[PDB]
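Structural overview for review
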Amino acid sequence: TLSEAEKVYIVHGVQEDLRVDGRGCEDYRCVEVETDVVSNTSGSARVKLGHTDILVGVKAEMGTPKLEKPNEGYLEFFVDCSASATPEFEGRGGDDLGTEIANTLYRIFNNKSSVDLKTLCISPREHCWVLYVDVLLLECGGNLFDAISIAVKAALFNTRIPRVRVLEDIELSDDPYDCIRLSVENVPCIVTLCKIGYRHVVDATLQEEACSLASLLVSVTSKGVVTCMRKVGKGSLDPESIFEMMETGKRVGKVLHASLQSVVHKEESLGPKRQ
Amino acid sequence: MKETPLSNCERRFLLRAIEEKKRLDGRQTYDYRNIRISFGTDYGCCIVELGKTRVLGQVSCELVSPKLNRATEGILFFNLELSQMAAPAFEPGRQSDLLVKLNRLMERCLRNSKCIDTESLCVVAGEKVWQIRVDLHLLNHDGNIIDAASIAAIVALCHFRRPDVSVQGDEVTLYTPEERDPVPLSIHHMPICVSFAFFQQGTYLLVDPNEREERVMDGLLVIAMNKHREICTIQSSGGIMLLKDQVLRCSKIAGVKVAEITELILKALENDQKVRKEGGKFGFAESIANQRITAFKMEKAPXXXXXXXXXXXXXXXXXXXXXXXXXXXXXXXXXXXXXX
Amino acid sequence: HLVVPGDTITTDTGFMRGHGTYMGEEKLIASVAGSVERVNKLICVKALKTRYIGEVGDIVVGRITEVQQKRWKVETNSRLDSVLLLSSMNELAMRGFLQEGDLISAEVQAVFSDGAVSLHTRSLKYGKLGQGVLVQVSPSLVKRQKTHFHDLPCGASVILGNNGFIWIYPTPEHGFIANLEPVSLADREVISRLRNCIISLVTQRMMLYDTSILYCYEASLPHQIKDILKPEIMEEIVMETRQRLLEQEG
Amino acid sequence: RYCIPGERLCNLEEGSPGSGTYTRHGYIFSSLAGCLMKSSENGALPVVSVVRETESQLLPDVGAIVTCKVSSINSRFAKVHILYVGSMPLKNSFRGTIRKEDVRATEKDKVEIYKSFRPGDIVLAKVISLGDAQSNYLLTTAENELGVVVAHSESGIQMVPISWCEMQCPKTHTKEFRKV
Amino acid sequence: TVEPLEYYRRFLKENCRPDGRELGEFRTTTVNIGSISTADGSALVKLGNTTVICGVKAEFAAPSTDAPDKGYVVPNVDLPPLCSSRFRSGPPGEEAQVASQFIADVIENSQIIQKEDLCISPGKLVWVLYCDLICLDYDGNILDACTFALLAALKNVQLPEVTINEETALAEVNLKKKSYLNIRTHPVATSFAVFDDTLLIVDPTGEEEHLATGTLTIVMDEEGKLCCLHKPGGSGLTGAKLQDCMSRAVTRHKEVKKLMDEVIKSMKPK
Amino acid sequence: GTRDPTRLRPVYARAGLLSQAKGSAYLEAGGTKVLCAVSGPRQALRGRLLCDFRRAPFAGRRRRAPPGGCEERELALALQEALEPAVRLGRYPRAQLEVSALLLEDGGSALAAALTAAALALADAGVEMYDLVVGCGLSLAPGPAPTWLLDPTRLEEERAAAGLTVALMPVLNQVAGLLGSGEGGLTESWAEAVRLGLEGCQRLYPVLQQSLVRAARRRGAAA
Amino acid sequence: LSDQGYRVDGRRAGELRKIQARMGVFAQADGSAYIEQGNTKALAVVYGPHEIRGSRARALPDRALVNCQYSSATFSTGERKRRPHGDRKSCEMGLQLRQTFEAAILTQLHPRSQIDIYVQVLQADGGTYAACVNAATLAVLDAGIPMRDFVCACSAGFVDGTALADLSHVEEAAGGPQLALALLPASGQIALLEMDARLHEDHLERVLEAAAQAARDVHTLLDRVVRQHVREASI
């Protein structure tokens, strides 16, 4: 739950560069994404982070994309908390993170402009492409807010938007012909830093987050640009200490962010019909 | 609010007596309490009495724009409400378990029977279609609901009257004066509810349980059978050992009953139609209005009406007259200087 | 014998039932989704992932939940919850003793039809403890007391409770403050690694006792890479572990 | 003569503060916010504090006297609302949360709660030991001057006490029992 | 205190309020017109530290099918946990709402503006009004604070012109803003606080209206056209007794009328 | 139009303004007005704080009537997380205080306007806070190359080349709440507002602590 | 449609639609199960008889307590809709779940214990209910909690004057002739039972029988999927 007798080691241990599980300080764990597992729509991924499970789907839509920005395409993210996700939050408990992450994933991809408002804009001012990225959480392996960063992108490279031709009306859809597909590595991501003393960590079990008041929100693209980044906590920090964690963002993120951003092909190569 | 308490013996013995295959309200195992039906002043209004349980049925008429897809068959809606005055424990909001199950459960067999046409209402498909909403209000609550609950609606559904005068091309016009004639409906099939209560391993089975019974019963089943001796829906609840076999009599037995029950709707449904065309007498219920005690009706005169109306000046003049001069003062108080 | 819950057992006279077994309509059925076990003149089932439910005097550590003006309520993985009341602690008196949520050792007096597990401490063998090393394991991953109550040559000494709960602490140097200070970076690597070492056996549906945990520890000689990747290494770890353990037997 | 919770004056080398206290590494920062006050100690140094407009702070004393108006009446238990733990107190925080028992409703006699102090009237009593095990306080009316002081008739009159165990209204005639 | 019941009235028996007022006291009456830029018509009125600002935004819609070319006026009376901690932390409060409609019923009992003028394109266009007023500090006559917050907030509204060219709508900000907002009738509302035996005070306070026993408000057109009368159970009454309220209300009406009429040449153009 | 690479609009603040709430706060920013009514400590093992966010149903040109649960969901929450470390919690065990704030107007930075206004009602009320929380606006012009701005206008923040709003505690420089949705620059390029951040708080830190005493005085001197 | 001994899906109206199930999946609960009725997917999880959690109030003593949540993937269906708004169904659904085990589960040895089982529809394709039924069933079998009998639910549709079992989705689209039941072969009691179709009072024996037997199969099927998971986990 949350004990002090134990919170003691937790903090020194992480400063000591001796996490808990034979991990130094900035150590991760075997994290994989299986792309497409929902035989019901475009983008699909099941990223299992430590002891957490996330799934994201995507589908396409036509017509009006809004009023002030008709000549384009924007994304819709709907998020869900699974009663199986939080043995705690039941029926009126999803609302929490369920609305929040829905917004955190909503702002990042919002300003990121890593969105082909172009590869999603039918008849501008009339028809536009709309994809719904939906989420579900099946567990919590700690740092779970990050697994969404991956399942949120990892499911995007597989968004084989259908090759659709409209002719005024008339609709043409080729199930065999899947080419009007859009996927780019401009896609943003999430990097968090919660402190465990002055030795701050990313991707740390809950037992671990348990020893901290705040964490840092950082977002980087393929290489290193920044999307929505924020400070998240009930406590406080020191700005001088901000730029350090801050850079930990472009610095550590791109690591497995780059190594993963690649794996999308690893599944696409050893299985064009094998899978 | 107030939790209607429940003795031990009361319950136990209530059962004791079921073990006796004897009904406490002294009836037989497959009978109904007498059920009455009163019709409203206006058309589309009704009241049901499953003998102590009371329901309210009201239907609505509208020219809404049908939905997307099959913009060719207008929609309809119904709602069932549980009142405070319904039961004590019926503080609006909590009983969902009933309002959930029941509202939906009920509403199921409605779209199940499709006993209601959805295109005959549809005037200008894709554009203006008709929306008929029906509302159920559980006035009093005693024993078997869903049944009076159904009756309520069906019974209601047949009485409502949709308007229509002249709509040509893409224009819509209807006048109550012409509406004095066209105003009927598409009641293809008429399904009803029959619940069966079980007692101790359903080794005893009751029908149309009263409130008290309602409590004592371990598990209950419902059934839906339209005049055409066929089902529409069934529902098992209160968890029991419902042997496919036995499940079978009830099913049967339910049909048996739905039979007669219908009789009434039509029966009275007719009796009502008759009165409008003859002597005339809409209203809510004069029957309870004539039966000795706890009710009275009489009509009384209005020159006591105009005699005093002139007194108004007396009190209007005597008082206010002297009361209006304080104004000269209020003119200058907060307005003049407030220019800041 | 293996049978799905709802089946039937050899019915004869002089037969008694166990947990997972019942009598229905003059017969015997398996209530629990388990396997068939017949020991003596008592029948019972084996369960895959059950809960805690020990016997006789028992030892387990609990995490603490809310405590009330006359008793302290602790948590223990089981259809049962563990609550101890001032009758063995060696209004605010309690608040100083057992804080909010803590890890405590215990002696188990008795669990009665009252459907509960009660606790009364006595020593540091049954004392409040602190540090930060708890193990969450199906309580079915236990052996016996005879081969229990031990400190092993690993740089630390560990205790596990008759439930699936194991705590790892460092050898004493002779009682609340004892650990209030951060132990050395050396004591830090013995236990932190033991963390990843203990999971595989479990992951590998393997037991967990002294001479057992010893060899799964010994096996650490090669892949010393302390943060043991759960799928790959551990896969091997037990292989060798049983290899060094089983050879001790046959 | 004012301070904001973000300015500092002295430090651990001169005084400690009770009011508006905020300290880090030895200096004096002001926790509270509103006004500044300094303290003089019988030790050759000063204590520092911010000013608590609410000079009135919790002060209901253990075995102390109080002014209270009854609430609910159980012919076995009696409930009350206390407002003045004497008079200086106006506090309404503890509002009316206090209990007394017949045994302590007097020192002699044996007259039921029902015949001592009713639901609506104000009563006076001293305080007994308090066991915040249930958020209640014990009080007594076992005094020659203690007891209850308020009297309302059936008509809506006020009553005077005709005796040690009575109050009455002049209008109608009610010979009633109340621990005067 | 739960005790001072009469205390408050002690002032009353010897007619006088612990406020320093008596039979009729239009205390601090202040308005800030158009104080809200990000709104086409606004008026803030704070009386005895209660703040109901009428924030009006306009929107374009479509007059009902039955009521072909009919304008659109929409009000909302809200009170958050602001004006008084003694308020809920969510959806509208019991009274919170009654007023909402009150204004509305008033809006409709008043005829202030003929829906006629709201229609952008008679039969396919309409002008929507959102006059949301919110009491920042609650305490006394939460009812009047609106008749004014609203009456004034409206005169503060001004919009361009309406045009449809080849199946399009042409209205530009810097268009022609005429008749911005003008109502042939400017009735206002007043609130009296009463006490059982009808000894009543006016412009009741948060506490005054509190231990009150009866509330009554009256709205009357300029010409003295009793818009609506409100009396959530007032201990009973007298036509004459009411007669006093009748006329003496008129008075506080002229005052406010002037209080606003005074913002005409000054706070309006300054 | 454009101005300084750090200019501040006029800073106007009179708090305690609220006669019904225990702690009051108000703001101005040549376009922003943010009110904060705070509620004492009540019980519902060491309690915390309650904060809420709302935006006038007429705060702009368009009319957002329903209390946009999502909109404020985050605005109130983050705000809570931000002001959150500001007050103590040990003086309110098993207690909870509520903080309410509405934005009548949005003068671009009205976001911080709230983070600020609220701070007032707090001590204004007189809570167990430690440091004061200061927030400001900081935008990056539409400019070709990196053209940077400090605290935008309702007309100005709408054409931003990035979106951010962050706060910190003056006196003890404590990272209040930094919230920006990346749009321009690299992990470092952000140090732009981060350093441009400590400027504002230190800057108004007085102008703020000053308006509190003004009322604290008018009230203090009142009784 | 469907005929000549070949239903529309392409299968004997008496032959179910192969289902594989992964039970005892995530081990971070206690009761875990995964399954798909051919092309209908959903995940059901239960947590042991933990002592009454949240809202310490309500707490049935004599016997345990039961809770079950049902929700479906917004795309699991054909298109996509609002799950927390169109609750009416789900909840209604959920209760159904509740009742079913609430009957068979043995809360008689878990006084005050509170067992919560939540289920989610991953890919929806007919017999939705019957799915989670077992889907849940298995979930518990995993959390091994004792239970009277092992139970599974089937569907039974009557079309072309004939009885079909497990009306997948397409046929669910029919005249709507569909009935389902939950069943405990133990003695064959009919735990739950919900039919919602306009059938005449006598295709029952038939349709009734249809699902009835159908379960009995689904049972033996999982009976193995289960008998297997016991021996291997036995290692």
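How each quantity is defined
Residues numbered from 1 in each chain as written, not as in the entry; some residues may be left out. Chains lettered and ligands numbered in written order. Part of a larger assembly, values for the part shown. Heavy atoms only, no water. Residues with missing side-chain atoms left out of burial classes, pairs and counts. UniProt positions renumbered as here; feature names shortened; annotations may be inferred. Helix = DSSP H or I, 4+ residues; strand = E, 2+ residues; numbered from the N terminus. Buried < 20%, exposed > 50% of the residue type's maximum accessible area, 1.4 Å probe, protein only. Pairing = 2+ DSSP bridges. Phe/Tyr/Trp six-rings, centres within 6.5 Å; stacked < 30°, edge-to-face > 60°. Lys NZ or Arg CZ within 6 Å of the ring centre and 35° of its normal. Contact = heavy atoms within 4.5 Å. Patch = residues over 30% accessible without salt bridge, like charges linked within 9 Å, V, L, I, M, F, W, Y side chains within 5 Å. Areas by Shrake-Rupley, 256 points an atom, 1.4 Å probe, with all protein chains shown as cover. Salt bridge = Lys/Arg side-chain N within 4 Å of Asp/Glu carboxyl O. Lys, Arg positive; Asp, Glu negative; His and termini not counted. Charge placed at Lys NZ, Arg CZ, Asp CG, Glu CD.

X-ray crystallography is the method the PDB entry lists for this structure, together with a resolution of 3.35 Å.

The name the PDB entry assigns to chain E is Exosome complex exonuclease RRP43, from the organism Homo sapiens. Entered under Sequence similarities in the UniProt record, the comment concerning chain E runs "Belongs to the RNase PH family."

Per the PDB entry, chain A goes by Exosome complex exonuclease RRP42 and derives from Homo sapiens. In its Sequence similarities section, UniProt records this for chain A: "Belongs to the RNase PH family."

The next subject is unusual backbone geometry. You will see that D:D109, though not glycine, has its phi angle at about 60 degrees, which is positive. Here D:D109 shows up in the loop between α1 (102-105) and β9 (122-131). For D:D109, a relative accessible area of 39% gives the class partly exposed. Even without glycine at this site, E:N141 takes up a positive phi of about 30 degrees. In this fold, E:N141 is placed in the loop between β5 (126-135) and α4 (144-155).

Looking now at the pairing of strand β11 (residues 228-233) of chain A. Of all six residues that make up β11(A), five are buried, and the element is covered over most of its length. Of the pairings in the sheet, the one linking strand β10 (residues 214-218) of chain A to β11(A) comprises four bridges and is antiparallel in character. Looking at the pairing, A:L216 lines up with A:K231 of β11(A). Judged from the three bridges that link them, β11(A) and strand β7 (residues 174-181) of chain F form a sheet pairing that is antiparallel. Of the residues in β7(F), the one forming a bridge with A:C228 is F:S181.

Attention now goes to the packing of aromatic side chains. Applying the stated criterion across every chain, the model contains eleven aromatic pairs over all chains. Both rings, one in D:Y22 and one in D:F29, keep their centres 5.5 Å apart while their planes meet at 55 degrees; by these two values the pair is tilted. With a centroid separation of 6.5 Å and an interplanar angle of 50 degrees, the aromatic rings of E:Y8 and E:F11 are classed as tilted. With a gap of three residues between them, E:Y8 and E:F11 both fall in helix α1 (residues 5-13), about one helical turn apart. In this pair, the class of E:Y8 matches that of E:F11, namely buried. Put simply, the rings of E:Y7, E:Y8, E:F11 and E:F195 pair up and form one aromatic cluster. Positioned above the aromatic ring of B:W130, the side-chain terminus of B:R162 is 5.9 Å from the ring centre. Its end group placed over the ring of A:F78, G:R80 keeps NZ or CZ at 5.3 Å from the ring centre.

If you rank the eleven pairs of chains in contact by how many contacts each has, first place goes to chains A and F. The two units chain E and chain G remain apart, with a minimum C-alpha distance of 18 Å. Spatially, chain F is disjoint from chain G: no contact exists, and the shortest C-alpha separation is 13 Å.

All right, on to a negative patch on the surface then. Negative charge collects at one region of the surface, where A:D95, A:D96, A:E100, F:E71 and F:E74 lie side by side. Every element with two or more residues in the negative patch is listed here: α2 (95-111) of chain A together with α1 (69-83) of chain F. Here the element with the most residues in the negative patch is α2(A); it accounts for three residues. Structurally, F:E74 is set in helix α1.

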